[PDB]
Protein chains: 2
Amino acid sequence: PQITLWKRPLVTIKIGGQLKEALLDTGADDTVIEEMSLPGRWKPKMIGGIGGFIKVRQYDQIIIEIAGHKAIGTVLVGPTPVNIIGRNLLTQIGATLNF
Amino acid sequence: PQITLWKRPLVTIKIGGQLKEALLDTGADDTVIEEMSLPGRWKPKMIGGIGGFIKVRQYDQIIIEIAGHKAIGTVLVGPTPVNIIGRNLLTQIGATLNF
Ligand SMILES: COc1ccc(S(=O)(=O)N(CC(C)C)C[C@@H](O)[C@H](Cc2cc(F)cc(F)c2)NC(=O)c2ccc(C)c(Nc3nccc(-c4cccnc4)n3)c2)cc1
Ligand SMILES: [Cl-]
Ligand SMILES: [Cl-]
Ligand SMILES: [Cl-]
Ligand SMILES: [Cl-]
Ligand code: NA
């Protein structure tokens with residue numbers, strides 16, 4: 001698709017069998033999702049946003065579908081205000097910015 | 001142009017007679033710039049994201065040039081970690097996300 005930006009670029013994702021809403025976010029290096037259960041071990045990560053820092057749980061090699069496009073990669077889990085799909089997964093789905 | 005997302009999508013902007021580097025940010029509703037002076041009226045606002053909220057000054061009807069493309073709109077000024085070009089100005093330069 002070609003997604004214009006008059007509204008938030010929200011898509012459906014599928015992670016852990018479940019559908020969620022998420023924001024396609026070119027300003028995010030990494031993908032950050034609200035609290036949920038994921039398999040395997042996690043590693044610590046601190047990320048900084050507009051208001052300060054939050055600790056998240058880093059899960060690697062997670063299967064995740066974004067707007068119907070299959071990806072496998074890192075997902076950060078923690079107290080984000082909204083689910084955000086960052087560049088690590090935008091690159092897997094072949095997304096670019098165009099003007 | 002077509003901008004890939006292997007790295008942060010940074011561009012040069014001109015705002016208030018100054019050159020700055022800023023991130024093209026589809027996850028940002030509004031444009032947020034580090035502390036600077038702008039002409040005209042403003043009003044206070046709180047904006048939120050990862051890590052909580054910051055207080056900003058809202059200036060309306062500000063001209064900007066984003067990677068060579070002019071537009072006009074609201075600019076929020078305050079203690080953002082990164083200068084952000086949000087959707088309110090990305091729409092005006094015709095930016096889309098494509099995959
Ligand atoms: C109404 O208008 C507005 C309201 C809110 C905003 S916003 O809050 O800016 N935001 C809203 C979304 C979160 C929904 C836009 C979003 O793209 C922001 C833009 C941003 C990037 C950044 F980068 C630092 C910042 F403030 C801000 N993304 C993240 O916060 C972001 C997204 C993902 C990650 C992983 C990180 N943090 C990060 N990334 C890599 C490394 C580190 C790091 C590593 C080691 C030490 N410290 C930091 N942190 C940050 C904008 C306009
Ligand atoms: Cl739109
Ligand atoms: Cl990844
Ligand atoms: Cl505006
Ligand atoms: Cl349009
Ligand atoms: Na004004």
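Naming: A, B, ... by sequence-line order, numbering from 1 per chain. Hydrogens, waters and symmetry mates are skipped; everything else that's a heavy atom, side chains included, is used.
- Annotation: the span from B:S37 atom OG to B:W42 atom CH2 amounts to 11.5 Å, rounded to 0.5 Å.
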Distance-only criterion, 3.5 Å: show the donor-acceptor pairs between side-chain atoms of residues 62-70 of chain A and protein atoms not counting sequence neighbours.
none

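- Counting heavy atoms from C-beta outward, A:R57 and A:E35 have side chains that approach closer than 4.5 Å.
- Inter-residue side-chain proximity for B:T96 and A:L97 is flagged as unmet; no heavy-atom pair is nearer than 4.5 Å.
- Pairing each heavy atom of A:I93 with each of B:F99, the nearest pair is O-CB, 3.5 Å.
- Looking at B:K45 and B:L76, their side chains come closer than 4.5 Å, going by heavy atoms from C-beta outward.
- Side chains of A:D60 and A:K43 form a contact here, defined as non-hydrogen atoms less than 4.5 Å apart.
- Of all the heavy atoms in A:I84 and A:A28, the pair that sits closest is CD1-CB, 4.2 Å.
- Under the salt bridge (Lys or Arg N to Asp or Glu O under 4.0 Å) criterion, the residue pairs touching residues 83-95 of chain A are A:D29-A:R87, with sequence neighbours excluded.
- Shortest non-hydrogen contact noted between A:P9 and A:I3 is CB-CG2, 4.0 Å.
- For A:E21, there are no salt bridge (charged side-chain N to carboxylate O under 4.0 Å, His left out) partners at least two apart in sequence or on another chain.
- With A:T31 as the fixed residue, the side chain to side chain contact (heavy atoms under 4.5 Å, CB included) test singles out one of A:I15, A:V77, A:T80, A:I85: A:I85.
- Atom CD of A:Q18 is surrounded by 12 or fewer heavy atoms from other residues, nucleotides or ligands within 6.0 Å.
- No continuous path of hydrophobic side-chain contacts links A:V75 to A:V56 [ILVMFWY only; heavy atoms under 4.5 Å].
- B:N98 contributes atom CG, which lies 4.5 Å from atom CD of A:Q2 (distance to the nearest 0.5 angstrom).
- B:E34 meets the salt bridge (charged side-chain N to carboxylate O under 4.0 Å, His left out) test with B:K20; sequence neighbours excluded.
- The backbone N or O of A:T74 lies less than 3.5 Å from a partner atom in the side chain of A:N88, making a donor-acceptor pair.
- Scored by the ring pair (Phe, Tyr, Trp, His ring centres under 6.0 Å) test, A:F53 finds no partners at all (sequence neighbours excluded).
- Residues B:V32 and B:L24 do not share a hydrophobic cluster, clusters being chains of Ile/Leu/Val/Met/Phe/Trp/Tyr side chains in contact below 4.5 Å.
- Nearest approach of B:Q92 to B:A71, heavy atoms of both residues: CB-CB, 3.6 Å.
- A:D25 and B:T26 form no side-chain donor-acceptor contact under 3.5 Å, judged by distance and modelled atom types alone.
- Using a distance-only test at 3.5 Å, with no hydrogens or angles considered, no donor-acceptor pair links the side chain of A:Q61 to the main chain of A:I72.
- Scanning all heavy atoms of the two residues, the minimum distance from B:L5 to A:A95 falls at CD1-O, 3.5 Å.
- Across A:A22 and A:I13, no two heavy atoms sit closer than the pair CB-CG2, 3.9 Å.
- When hydrophobic clusters are built by joining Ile, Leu, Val, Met, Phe, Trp and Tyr residues whose side-chain heavy atoms come closer than 4.5 Å, directly or via intermediates, A:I50 is not grouped with B:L89.
- Residue B:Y59 holds its OH atom at 8.5 Å from CE of B:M36, rounded to the nearest 0.5 Å.
- Judged as a salt bridge (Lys or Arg N to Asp or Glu O under 4.0 Å), not a single pair has a partner in residues 74-86 of chain B (not counting sequence neighbours).
- Within the 4.5 Å cutoff, side-chain heavy atoms of B:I47 are placed close to those of B:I54.
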